[PDB]
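Just below is one structure, and these are the notes that go with it.
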Amino acid sequence: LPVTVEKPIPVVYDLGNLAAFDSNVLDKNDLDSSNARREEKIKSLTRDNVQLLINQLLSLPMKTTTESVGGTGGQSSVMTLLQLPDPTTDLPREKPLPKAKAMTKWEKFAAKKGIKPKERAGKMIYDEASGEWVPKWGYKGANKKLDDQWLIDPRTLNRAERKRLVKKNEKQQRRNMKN
Amino acid sequence: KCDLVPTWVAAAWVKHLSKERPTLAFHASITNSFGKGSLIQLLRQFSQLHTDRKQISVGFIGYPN
Amino acid sequence: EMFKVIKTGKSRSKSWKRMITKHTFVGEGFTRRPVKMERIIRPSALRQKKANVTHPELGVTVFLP
Amino acid sequence: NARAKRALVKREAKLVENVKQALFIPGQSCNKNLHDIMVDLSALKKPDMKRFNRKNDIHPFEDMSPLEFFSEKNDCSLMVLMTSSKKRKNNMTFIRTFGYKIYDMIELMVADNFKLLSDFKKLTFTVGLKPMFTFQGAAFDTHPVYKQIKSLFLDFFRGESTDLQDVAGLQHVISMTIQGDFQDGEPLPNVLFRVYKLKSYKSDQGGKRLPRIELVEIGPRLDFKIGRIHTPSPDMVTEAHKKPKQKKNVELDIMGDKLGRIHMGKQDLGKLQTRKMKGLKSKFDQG
Amino acid sequence: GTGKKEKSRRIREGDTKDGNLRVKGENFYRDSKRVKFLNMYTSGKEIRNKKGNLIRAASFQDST
């Protein structure tokens, strides 16, 4: 029934990973495999550490919500969730930060010339002939008009020019990560 | 016109107006001013706060004289 | 038709400043940039803060910011 | 098909990195009991694990390339190697990769007194659950090998990092203690890994708020004899802790207003000379 | 002096590959964007020809 258990050296906490690091004095003669009171000793010691950890942890700030059960991706109104801090202990990352993506020559052009990047209004543009909104590109895009428009074949000429401009765009981009 | 009152009156007025609005004692004279440096520092901090806005305009308001 | 040309100078010889003749919503932290660097004039009278919006379904019109 | 495009994205580097998957590799010398510890410890890790099921001729201190290849092909960073020999009995070599090159070996041999999951009793418990850690022994904060093993086991078993925690899920603690305090020059006490399940009984000392908690041993009683260690190059360690990088006198006030504190200085009105004007001059006395 | 010709300055600060972009009045004292910004105080004047037609209208005046 005691819960306020203490020990001479204080315990540091990393509540972000739910860890408590003890730094008190341990004796070899209490822990080695000669001692058959080994497991009880270790269980008691780690019980004490867990007891302090939970004492700090339940005494955290904690948030509770008013959202119904059938909400979206969160906690329900009934359950009060402890709000954990960031992990104090510093641990090695898995991969280097993704900063390795470079900067291209179009961007230098757009920074020298007073270029402002376009707004993303959308794929659809007004086809003034047919009174519809036709997308610029993609599925029946407004650039695949001459392919089946009813007026050597000029249609194939457009298709070849357009396809080789696509080839050019890829050709230019694949030289940008050599920069 | 802070040079036309006793020192304690100026101090009392800055004490009482600072409770509402950050005030600054000042005696304006191109040769023998007082508070010129404090006002320069204050405006320069005000520019520091608006570093995103690259010109800061400071307008003066009061009675005519 | 949007923009009204404003002349400056003693002879009204410069004509770069532009004045919007239509109503504008100007934001919540707007300040007028200095007149020497101010091309697009948005007069304070034509700045609208609220518009009375009519709900089609509910049939009511309400003065909304 | 653009299913692959999603896979490359999930693998490639991120600002807030995913949970670190663990790979459990059995070497040529994987005896049955080592496969038992591997099953138990990997269970303690899952759902973030992969178990390879063939013998692998990998010696992690002579040719480190195959581990790098497996850390590439399986996105897993953490790895485990099953080895045993007349020199190193019931050995688990715990790998760590940064990028995909090696960040850490370590060589932990299991003493013969280990116990499995199946040697104990089990209560209600949920798999894939965030464990809480205790690390006894002062050497964890200071000693280089013990710092390495502490970071090793935290990084291994911390699972997914979170900021909001459900009190229902606080169901088991991982306990790791050093065999005993020691000085420099004495040989590196082996570390004791134990897993304990939590039980909370009411205790009316602090009130209804904080219960009294007592533990029940479940699972892998393990003792870890420390062996050879691969320490990361100091450049890799100083580059592996890069913060993702996502103000003076400016504070985000509650309710989200950017507020600037303005800081005017002193006003030494004593250095102000009031206008010595004719009224205040007592020389123009009257009377 | 060859060191104060504008081609020399372009060589010294490593902006030789940018000829297509270079505005008319760029010099040592004025970057390209400085030249464009100072062209503001002069702009707004439409260009008519001797025929009286519109080469182009003013900067923010357009009948389209």
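Simple scheme: letters A, B, ... for chains in structure tokens order, numbers from 1 for residues in each chain, numbers from 1 for ligands in the order shown.
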Counting only C-alpha atoms, which residues from chain D have an atom at most 7 Å from any atom of chain A, and could you show them as a ChimeraX atom specification? /D:13-15,77,97-99,132-138,151,155,158,163-167,175,179-181,203,205,210,212-215,240-241,244
Given only C-alpha atoms, how would the per-residue table for chain A near chain E read, listing every residue at most 12 Å away with its closest atom pair and distance in Å to one decimal, sorted by chain and number, as CSV?
```
residue,atom,partner,partner_atom,distance
A:105,CA,E:18,CA,11.7
A:108,CA,E:18,CA,10.4
A:109,CA,E:21,CA,8.4
A:110,CA,E:21,CA,10.3
A:111,CA,E:33,CA,10.2
A:112,CA,E:21,CA,7.6
A:113,CA,E:21,CA,6.5
A:114,CA,E:33,CA,7.4
A:115,CA,E:33,CA,11.1
```
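Relative to atom CA of residue D:280, atom CA of residue B:38 is found at 28.3 Å.
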Check which residues of chain E sit at most 12 Å from chain C using only C-alpha atoms, and return one row each with the closest pair of atoms and their distance in Å to one decimal, ordered by chain and rising number, as a Markdown table.
```
| residue | atom | partner | partner_atom | distance |
| --- | --- | --- | --- | --- |
| E:37 | CA | C:37 | CA | 9.5 |
| E:38 | CA | C:37 | CA | 10.2 |
| E:39 | CA | C:16 | CA | 9.7 |
| E:40 | CA | C:16 | CA | 6.7 |
| E:41 | CA | C:16 | CA | 6.0 |
| E:42 | CA | C:16 | CA | 6.7 |
| E:43 | CA | C:16 | CA | 5.6 |
| E:44 | CA | C:16 | CA | 4.7 |
| E:45 | CA | C:15 | CA | 6.8 |
| E:46 | CA | C:15 | CA | 10.1 |
| E:58 | CA | C:16 | CA | 8.9 |
| E:59 | CA | C:16 | CA | 7.8 |
| E:60 | CA | C:3 | CA | 6.8 |
| E:61 | CA | C:3 | CA | 6.8 |
| E:62 | CA | C:1 | CA | 8.3 |
| E:63 | CA | C:1 | CA | 8.1 |
| E:64 | CA | C:1 | CA | 10.2 |
```
Who sits within 12 Å of residue A:159, only C-alpha atoms, same chain under 2 positions skipped, as a list in words: residues 143, 144, 145, 146, 147, 148, 153, 154, 155, 156, 157, 161, 162, 163, 164, 165 and 166 of chain A
